[PDB]
Amino acid sequence: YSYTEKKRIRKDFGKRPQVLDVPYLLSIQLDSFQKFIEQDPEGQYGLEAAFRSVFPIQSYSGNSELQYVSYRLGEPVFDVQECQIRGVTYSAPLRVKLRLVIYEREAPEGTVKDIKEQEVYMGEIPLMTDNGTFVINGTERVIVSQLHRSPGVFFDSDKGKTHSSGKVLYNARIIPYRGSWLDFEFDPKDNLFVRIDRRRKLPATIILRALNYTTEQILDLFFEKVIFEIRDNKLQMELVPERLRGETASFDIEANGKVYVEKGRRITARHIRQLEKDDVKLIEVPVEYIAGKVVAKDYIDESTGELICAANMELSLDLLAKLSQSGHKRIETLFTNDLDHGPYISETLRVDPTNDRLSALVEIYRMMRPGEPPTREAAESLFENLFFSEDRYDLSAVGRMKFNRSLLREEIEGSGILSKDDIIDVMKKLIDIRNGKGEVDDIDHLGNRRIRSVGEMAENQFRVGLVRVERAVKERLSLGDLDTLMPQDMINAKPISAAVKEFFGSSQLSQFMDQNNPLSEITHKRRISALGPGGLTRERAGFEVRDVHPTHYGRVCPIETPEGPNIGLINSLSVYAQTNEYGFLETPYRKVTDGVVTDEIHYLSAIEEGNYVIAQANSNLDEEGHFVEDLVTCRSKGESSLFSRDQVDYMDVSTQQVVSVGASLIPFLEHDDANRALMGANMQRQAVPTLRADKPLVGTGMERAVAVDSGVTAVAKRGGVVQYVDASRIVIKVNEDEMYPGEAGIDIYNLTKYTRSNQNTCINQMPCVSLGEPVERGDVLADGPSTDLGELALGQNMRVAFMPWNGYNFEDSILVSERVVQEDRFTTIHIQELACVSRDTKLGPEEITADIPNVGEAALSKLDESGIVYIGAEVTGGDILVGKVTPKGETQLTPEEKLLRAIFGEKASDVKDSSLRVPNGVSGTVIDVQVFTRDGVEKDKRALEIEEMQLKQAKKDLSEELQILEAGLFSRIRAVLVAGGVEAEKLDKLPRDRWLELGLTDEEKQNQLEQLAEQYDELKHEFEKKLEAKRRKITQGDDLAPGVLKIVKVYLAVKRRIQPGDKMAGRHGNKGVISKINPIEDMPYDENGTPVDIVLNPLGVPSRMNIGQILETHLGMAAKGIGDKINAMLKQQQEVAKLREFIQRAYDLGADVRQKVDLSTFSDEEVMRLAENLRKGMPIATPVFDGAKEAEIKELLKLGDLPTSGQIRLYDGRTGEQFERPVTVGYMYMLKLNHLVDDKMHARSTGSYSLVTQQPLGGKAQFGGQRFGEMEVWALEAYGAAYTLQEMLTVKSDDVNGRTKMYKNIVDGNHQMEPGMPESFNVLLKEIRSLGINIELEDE
Amino acid sequence: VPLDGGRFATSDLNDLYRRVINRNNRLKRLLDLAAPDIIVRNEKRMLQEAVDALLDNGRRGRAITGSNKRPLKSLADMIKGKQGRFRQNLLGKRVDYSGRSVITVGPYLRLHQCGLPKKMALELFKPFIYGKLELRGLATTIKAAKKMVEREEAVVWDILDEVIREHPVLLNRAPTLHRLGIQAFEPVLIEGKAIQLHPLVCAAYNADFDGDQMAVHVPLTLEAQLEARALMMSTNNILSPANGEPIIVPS
Amino acid sequence: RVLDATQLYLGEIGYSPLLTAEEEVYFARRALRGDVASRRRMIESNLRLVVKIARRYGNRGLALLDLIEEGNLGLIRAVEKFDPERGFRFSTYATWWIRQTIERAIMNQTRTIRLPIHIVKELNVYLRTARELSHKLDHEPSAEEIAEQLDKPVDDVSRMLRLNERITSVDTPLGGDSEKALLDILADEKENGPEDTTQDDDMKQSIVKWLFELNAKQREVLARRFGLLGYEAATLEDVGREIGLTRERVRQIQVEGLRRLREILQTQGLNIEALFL
Amino acid sequence: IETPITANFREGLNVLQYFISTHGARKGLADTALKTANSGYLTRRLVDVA
DNA sequence: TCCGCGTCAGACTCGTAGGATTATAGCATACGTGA
DNA sequence: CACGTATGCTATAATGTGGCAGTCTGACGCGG
Ligand SMILES: Nc1nc2c(ncn2[C@@H]2O[C@H](COP(=O)(O)OP(=O)(O)OP(=O)(O)O)[C@@H](O)[C@H]2O)c(=O)[nH]1
Ligand SMILES: [Mg+2]
């Protein structure tokens, strides 16, 4: 085990050895964007792909052209930190080398005329953070990967479209990545049609005529041959035995000298095998059998040279006679059968109105451009530009690949443009499916659903930007002079920059990162969405796609998706699942050879998985031999049953891989209903970090992985000893073995302190190492907001009893002890941001002075000279944070105010009052202030004090960098000088500034001194230019919105304690609202005297079927039992030996404990630090389906001297008497959800009103009235409450006269109703007359 | 109207009216200039297109779109559908003297009572407190009454206590499926921000306290108060109107 | 049947003849000399040119059809002011008028708030300058960066970029969800709540009671100066028009009415209480 | 499904029993969110006619 | 008279957050109000 | 006059247009 794990080991009840470790959880985001910016030389990727796609472009004239060489990202002018504070996007400038080449029109392609090559700026692209977010306008945002229908081909069929006939119409759809859709479909009369972009319907054969196919060739393509030889007088026919099948013999079938079948006799298997084995090729037949056979090719009379019969024409006795006498004694007819080989194309040619290729191109042209006069130029251009142009059509590699595999081809890769072969092959396969050989696919199958990560979407928008600019470029290249015009004068950045900012901003998939919780972040970045551009709609979504698909196994969680209208479409990725190179989802599986289960792992795509049989992970292995039991539970073809051991091809890697990350954190998930578990995994994400990060006693093991991989925790880059711990930073000195020979080798991690989250929660990093501690690489140095010693800590475990209590836990209502509030453990920190904008108006600039009309000295006490509140100042609702005054224009003062101001004199000043004050009922401490001033406006005195702070703080930060780096660097030169001329204490006597003159013999170590000397000077000048940059940015006057002169941002910190109406839950989907905070005296307490923290209602278990919560409680109690026993042994101070004995016996309890943890390796001191942590309660891991069994939990309870029932005797705090029976008592790990009653409580009597409708506004942030909706109205109608209703329609809403008159009546006690007409009705009438409908009121 | 930031925001009708006026006046011009007939015709088609767009946009063909892609909201659209005048602003309304909060159990409550947060009730009964403050002579004027309630003075709580006695308040839960979705109670002032609901009427509201919220409405007039106390009071409305059965049943 | 306004118009223009130089000169000689037919045939023949130059100025303000009509109006000015005797071709001359008229129309109708040509053209040179600045400064340009390049006031640049601020639709719904838009948030600021309306009633009615409480000559002289009971808001010297006819005794009696009323507000419970207001 | 769940919640489900449970569950939940619109539209029609 | 295309509906309250884009030559003459 | 707002003219020849939509559904009428 590692050093951080030596401090606290989690006890594992898992039994299956984990062959594959949890991968990096934020893989998707980082790989994808990495591929977008990754400049690929040949195999175009991301930007590179975008440039090669559009470029090189030429002018409309064709003489002048723009070609692309190479691009570069400039390094970001502001880092992540400065971007977040300032509110700017973290981006890199895109500089692109482009070569304007011009051709001579006099020479053929005179390329040596004018070549102008230079580097053009066009837009800054947002950069992805270390943790897979983007910082847009100073807010962390995540782009969710998308799930859409894969480009390729797809065979489908509405099962009984016309419900009257109920006939199955099969269709094909070719879906490209870019271009028109090409649809093939059957009609009721079995005629093949073609439609482009679901336009008007066309006979399918018309498209083949556009590809230049004569009728003869079309029949030769879709149909076989039946040959008719005309010998002597009798007609002969070339026979294939296995055609005459399931049919009736219409005439007497005989061959050479044996009669097989008579007239009207059914031709069975036997007759066919008889005929085949007899070697029958020709059979004599009646001439009358031909009437109805269709001739395949043309036949002409060689004598006359005229058409005897055209292709696809039904033969008769007369045609046959004329054919014989011309000299044709062989006739190709179509092979056709009602049942097996359907004559579809044959009938479709009779429906085809077109004749030749031109006629077909015209008809196609006329479909898509109806009415407009056709030309040949236009028809050819349109048809080639549909599916045969590099420019407008591209299947992509994925499309061509899926297309070829669906058509059973061998070749994966190929052309993005449709070849003639492609179209025909699709039509052929559609026809095969109609015939009954082959099946239709389904859209929900993950073999047809592809995942599109960020980088591909950024690439797409970036192409659009280039296409928009390309329009401008071609238009200016046409009129442009060749010589004066520079390439960058034609390019515009605005369109590209606009397309990309519109993606990372307007897009549905780009949203505010859900960061109220490490798990919330990590699950949000591993989200898949079927919505947004190129996707389905909430309105447009059926139920098929939503429901759990068999392919979802090991790829997508069945148990993670919102219970909203977004129920099927939003989905978290499974744990071990990964994105295929082409974009399909894949899952690891252990290869089984000869029954022996190899440790070789294979990721199988959805399509590949169907083909093998996969054993379940729960199968018992024979210690690296094979399956123990001769029957094994496996699944293939999407369905599950028993198999033999040697039949098994593969096996599930992990028990966990079926579930997502969120669900994997639910212990005893095996005992919870999938519905409750869904709610549980969804609400775990809403858990707000408490003041004290408390680890969960009853964990799974994923806790460590989530905390570390989310990156909110500071982890060690390189192992070594900690040189300096601080609340603000951590310096670790690296070990010699890992420590590079160049630099000093001291890593400095600056910790991020109390910062605002997107949900206004508090993000703080605490250091979890001691000063001068040896640390391994990849250990947790500092905990993020909801993490404890590297494990995930989303809430807090506590002592719970399941029993009714006086109805204070009625329907999930929760009864909590005051003890919990007092201990401030559920207490939470909220950092809110208030801003004050000084704008320039028509009347003049607003001022940020403390000089405001009508303000008490009490209020102005907390404002400084500038008019900004001091740091540290406690504020409450209505206190002024930033004083702001606005120029007021002329106002007609009512005659009363003329009189009153003449009495008082007090002429009201020209300036008003726009001061930013504390929102009403919020109360906090000002922890920070930021001031933005324009470049040129006179700075506030406070802005100047803040700049003094930032400058001196910056100087200290950089000074400490160069000091620790110089000390660490000379400490190395001191060791290099010892290898050669060791004079340890003699060299340190005279000053360290005069050291690097001292050399050594000409060796590799003399060259090491030279390296350290060159870097010391490098750092010396680097420190100068770094400080200059810092000073510039601190002086830099900020560019704000037009109109805005300066902006002051105040950050408040509010401490919210738990109270009735706050929402709390476990991880088994057990919700509750706190009803009451009970005094500790009243709380049920045990015989020992220890009172419960929470009383939950047991009536919320049997109905819910979330039994996970009960097992968690029993095990949590057992965990706390062991904790109380270690705590008792530490209070006594028995000795290291005795603690070691108890602790070893405890870790190695379980029937088949996987993890062995030997205490003999642990040194005495290491044992003491472990026991010290385990006294709070021994941390236990219950892997998802590989969890602790009841037997193991009761055994653990016995080690705690706790009851097997896990029920204990409890005493009523009030009466002192015992409760009638044992109550289940233990520790459930519980969460305070984001839903504080402080945020939900609202009330309004009278306020602002809407602009047109005049009814009050909506929402608590806009001080809104509750909507009394149609449903709410009907309720009053049922009751008969007529005045209450009228009241809510009139004096309460629109009626303007009514509301004021009513208000005055209420203040005068008389509750009189003085109603009128709602203004909304007045508006309705005006809107209807604006329509030109006369609607008048006829009065009384 | 001008937004704070010097921005302007306007109705779509103005973009549509601008289209119609420009094409109509251009038609007057083309007629003054005696233009050839094909041009006259195109302008008349354009005028019909713009009028059609103005009255009912997405009716005849492609609705005329903004830069956002989204089709401009026409006259017809402001009367038509859920977002239209009838459904949204006229058969149902935003309403004054309305509040909302989380609900929680009040097992101590009697069937005719509900726990009403002090801060919530102070603001819902604002004018009644001002009127009583002038009758006590505690407040000289309305501005003084306002400032006295902002300061939340001790005597103001005593007045609030006086006003809410015998004053019924409506509690409502979404969705309001039958009339019992709204019931009247006598309020009981409580310190703490959550509404306390009587257990036995949890059935009518279909209310379970897993984070459910409710809305509060103040009947203002003497008539409305008596409508609440007589018709809508929870004690008065026990039996389901659907079946002759008591809806208030222990659970 | 094609009912597309565009397609029908383009169909009609298609079946009208392209002219050669000599023919243009023959027609145009008679067109200047007043031949209703000549002008019409030259117009109808050269509509196709209008459409070709109408498909370049797209996605800027109005629709193709809109530009096609303004373009036509430019071509008509060209036919009116064409010189047949000059060797220079018609298509060359017309191109100028069509581009000119289209550009000018997209400069007055393209913006909801009509921007004068002067402001628009000013703003345009600021924009093109910003583009050259961004082409070499990698990062987009500041107000002062543009101002430094043109050697002009920062306030000039700022006021012009403020005007460029493009409008927001009141009906545009917020939060992607087509639910509540700007209209559903935006209050009527001018229409005060019943709270403020009732405060003014109480204020005005308290002054009535105060007027019936001060002396008869003090509330006469005080009220009619401020125009409370009088009709017009007069000054110390103008109160002489009524019966006062005084300059000093009006100022002594004005302030005497005010001093007794200041004690009426200290006793009722305002003075420093209603000083904050 | 031909193979039922032989286990119970106290006993604990395995990966395949749980996976099989999911379908029915999510169909149920999706029905709540999506079908209540049509039920409510029926309420609305009824109210309007009476 | 049937097919096919069109039009019409599709629960109720709460929430969050603000917001996007482009570009229209250059100069001479003409019209209306304050100093 | 000036300042702000507007109309106006330019002369190589140039003469028919063209970015998304993604397919929803069960029902009820309305021209061929
Ligand atoms: N209007 C509406 N109500 C919902 C929605 N989702 C859940 N609910 C309601 O919220 C409640 C949550 O489940 P419960 O009410 O506890 O279910 P129950 O009827 O008590 O049944 P058991 O849990 O089996 O005892 C149900 O009454 C649901 O009707 C929704 O999307 N819309
Ligand atoms: Mg509920």
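Residues numbered from 1 in each chain as written, not as in the entry; some residues may be left out. Chains lettered and ligands numbered in written order. Part of a larger assembly, values for the part shown. Heavy atoms only, no water.

Looking at the Subunit heading of the UniProt record, one finds this comment for chain C: "Interacts with the RNA polymerase core enzyme and RssB." Its UniProt record gives chain C the following Subcellular location comment, quoted word for word: "Cytoplasm". (UniProt positions renumbered as here; feature names shortened; annotations may be inferred.)

Per its UniProt entry, chain A bears the Function comment "DNA-dependent RNA polymerase catalyzes the transcription of DNA into RNA using the four ribonucleoside triphosphates as substrates." Regarding chain A, the relevant UniProt record gives this comment under Sequence similarities: "Belongs to the RNA polymerase beta chain family."

**Student:** Explain the protein's contact with DNA strand E here, please?
**Tutor:** Neighbouring residues of DNA strand E: 53 residues in total, closest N492(A), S67(B), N68(B), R94(B) and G175(C). Of all DNA strand E atoms lying within 4 Å of any protein atom, the proportion belonging to sugar or phosphate reaches 53%. In the environment of DNA strand E, a base nitrogen lies 3.1 Å from a nitrogen or oxygen atom belonging to the side chain of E539(A). The contact in question runs from a phosphate oxygen of DNA strand E to an N or O atom on the side chain of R59(B), over 2.9 Å. Put simply, the parts of the chain that give the surface near DNA strand E at least two residues each are helix 16 (493-506) and strand 66 (1266-1268) of chain A, helix 6 (90-105) and helix 7 (117-136) of chain C together with helix 1 (15-49) of chain D. Among the residues forming the surface near DNA strand E, the class breakdown is 12 nonpolar, 16 polar and 25 charged. (Near = heavy atom within 4 Å. Polar contact = N/O pair within 3.5 Å; in protein donor to acceptor, adjacent residues only side chain to side chain. Helix = DSSP H or I, 4+ residues; strand = E, 2+ residues; numbered from the N terminus. Nonpolar A, V, L, I, M, F, W, Y, C, P; charged D, E, K, R; others polar.)

**Student:** Help me out: how do you make sense of the arrangement of the chains in this one?
**Tutor:** Contacts are most numerous, across the five pairs of chains in contact, for chains A and B. Spatially, chain C and chain D are disjoint, and the shortest separation between their C-alpha atoms is 17 Å. (Contact = heavy atoms within 4.5 Å.)

**Student:** I tried to follow helix 25 (residues 941-978) of chain A on my own but got confused; where do I start?
**Tutor:** The periodicity of an α-helix, 3.6 residues per turn, causes residues three or four places apart in sequence to face the same way. In this model helix 25 of chain A runs 56 Å from its N-terminal to its C-terminal C-alpha over 38 residues, within 8% of the 56 Å that 1.5 Å per residue would give. One or two positions beyond helix 25 of chain A, positive phi appears at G980(A), with a value near 135°. (Expected span 1.5 Å × (residues − 1).)

**Student:** When you look at the coordination of the magnesium ion (ligand 2) in this model, what are you seeing that I'm missing?
**Tutor:** Angles at a metal have ideal values that depend on geometry: 109.5 degrees with four tetrahedral donors, 90 or 180 degrees with six octahedral donors. Residues and elements named next belong to chain B. Bound to the magnesium ion (ligand 2) are the protein donor atoms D208 (OD), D210 (OD) and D212 (OD), situated 2.2 to 2.3 Å from the metal. Mapped onto the sequence, the donors of the magnesium ion (ligand 2) take the spacing D-x1-D-x1-D. Of the residues examined, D210 reaches a relative accessible area of 17% and is grouped as buried. Overall, the relative accessible area of 11% leaves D212 in the buried class. (Donors = N, O, S within 2.8 Å, 3.2 Å for Na, K, Ca; no water. Buried < 20%, exposed > 50% of the residue type's maximum accessible area, 1.4 Å probe, protein only.)

**Student:** How do you make sense of the interface of chain B and chain A when you look at a structure like this?
**Tutor:** Many descriptions give the size of an interface as the accessible area lost when the pieces come together. Contacts between the two partners involve 76 residues from chain B and, on the opposite side, 77 residues from chain A. Across the chain B to chain A interface the summed buried area is about 6,800 Å²; carbon plus sulfur atoms make up 61%. For chain B, the biggest contributors to the area lost against chain A are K93(B), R94(B) and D96(B); these three give 12% of the whole. Here chain B and chain A share two salt bridges between them. Here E1327(A) ties to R85(B) by a salt bridge, and the two come within 2.9 Å at their closest N and O atoms. Scanning the region where chain B abuts chain A turns up 34 residue pairs in polar contact. A total of eight residues in the side of chain B that touches chain A trace back to one element, the largest contributor, which is strand 3 (residues 98-105) of chain B. Pairing between strand 65 (residues 1242-1244) of chain A and strand 3 of chain B: three bridges, direction antiparallel. (Buried area = accessible area lost by both parts, 1.4 Å probe. Salt bridge = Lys/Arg side-chain N within 4 Å of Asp/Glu carboxyl O. Pairing = 2+ DSSP bridges.)

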